[PDB]
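Here is the structure we will look at, set down as structure tokens.
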Amino acid sequence: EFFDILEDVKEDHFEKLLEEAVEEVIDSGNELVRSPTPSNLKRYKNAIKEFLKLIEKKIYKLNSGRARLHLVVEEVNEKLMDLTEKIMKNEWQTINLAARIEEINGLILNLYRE
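Our numbering applies: residue 354 is where the sequence shown begins, and numbers increase by one.
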């Protein structure tokens, strides 16, 4: 009986962890946009790293789901590599950074709904 509440505490805990990770992805996307520093590019990359561990766990520990996951993560990392490459080349006038970030957020939020 108590092991039925235990699983509920576990589920809710992990759900609050996972929500919070979504927020940190948006919060640091938004900060990266305001000052595209090196220190912020990584609050970004890190936050998205942490987001992808938690959702893996949820999608696994539960074939169409895993297949979106594999291909969307593949997409996120490409865009993360396009983004980086363009900060490093100092291509600040074609970068389109706010929009590169709505788009990567867009994809993280699909993932969250899955």
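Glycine included, each C-beta is placed from N, C-alpha and C at the ideal position.
Would DSSP call residue i helix, strand or coil?
i, result
"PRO389", "coil"
"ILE448", "coil"
"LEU415", "coil"
"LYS402", "helix"
"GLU431", "helix"
Pop quiz: residue i and residue j are said to be a contact at Cβ under 8 Å. What is the actual Cβ separation, rounded to whole angstroms?
i, j, result
"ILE379", "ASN458", "6 Å"
"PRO389", "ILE440", "6 Å"
"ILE454", "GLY382", "4 Å"
Can you give the Cα-Cα distance for residue i and residue j, rounded to whole angstroms?
i, j, result
"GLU438", "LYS395", "14 Å"
"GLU364", "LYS410", "12 Å"
"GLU427", "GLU467", "16 Å"
"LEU464", "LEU370", "15 Å"
"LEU405", "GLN446", "30 Å"
"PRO391", "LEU359", "42 Å"
"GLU403", "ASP361", "23 Å"
With 16 other CB atoms within 10 Å as the buried threshold, where does residue i fall?
i, result
"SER417", "exposed"
"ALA374", "buried"
"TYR397", "buried"
"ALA452", "exposed"
"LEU436", "buried"
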